[PDB]
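Only one chain is shown below, in structure tokens, and it's the form deposited in one PDB entry.
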């Protein structure tokens, strides 16, 4: 029941909001996973790996160029905003709001969220393979060689770009090859971040799960910790729960959430 949720809402001083792919989906962002989530031949499992990058970096960067570019036309949905404005509203009252997101499209930032933790990184950050420097980057195209590349249709010609023309680290001391600062399959989450999040979750007195369920990664690393403290937890997603039954507001975040946070 919504009323009941809202009563907790008003009381809460430290809200933590975990956000999954559902919320990026509603802004039309592709995730390249499950049926018909394709980019040329591949799904993300195929390309989002250290091995793919080591093996064919041009191809991977093509993939990522595309993703960077299709972002120019996808905007934050109402859920992104309702969150951001919440954070703003409550911050003024000295109540905190933090965002822990597995999404890498920077939509929450563009919505005006501030206290955000991007635990899979971000398409608009690079990491130098040589020196390890992490830098913001929204340039379009990220490098000339990549101009108008990364077409999605299966039959596109590979651009087969020489490594030295792919994006390179601007400290010429170094000039290492840049990769997208994103967590790939088979890599580990930055532990500095996980510690911060642990801390935030420990501190929190109401927890929201949006566009994913507590039952799955990554919500499942934590929701158990917070729940075992007795803190209430609300899911918002397109999922269903069994006739015989934490709160759950089935439906699009875009619709479910803004009323919930007013």
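Positions refer to the first chain, counted from 1. Only the largest set of C-alpha atoms that superpose within 1.5 Å between the two forms is called the rigid core.
If you look for the form deposited in another entry, you will not find it shown, but the lines that follow are about it.
**Student:** Taking the rigid core as the frame, does residue 72 move its C-alpha by 2 Å or more between the shown form and the other one?
**Tutor:** Yes, its C-alpha moves 2 Å or more.
**Student:** Taking the rigid core as the superposition reference, indicate whether the CA of residue 218 shifts 2 angstroms or more between the shown form and the other one.
**Tutor:** Yes, its C-alpha moves 2 Å or more.
**Student:** After superposition on the rigid core, does the Cα atom of residue 44 shift by at least 2 Å between the shown form and the other one?
**Tutor:** Yes, its C-alpha moves 2 Å or more.
**Student:** Quick one: in the other form, is the Cα gap between residue 215 and residue 13 smaller or bigger than here? Answer closer or farther; it shifts by 3 Å or more.
**Tutor:** More distant in the other form, by 3 Å or more.
**Student:** Quick one: with a 3 Å or larger change, is the residue 213 to residue 6 CA distance smaller or larger in the other form? Answer closer or farther.
**Tutor:** So the answer is farther.
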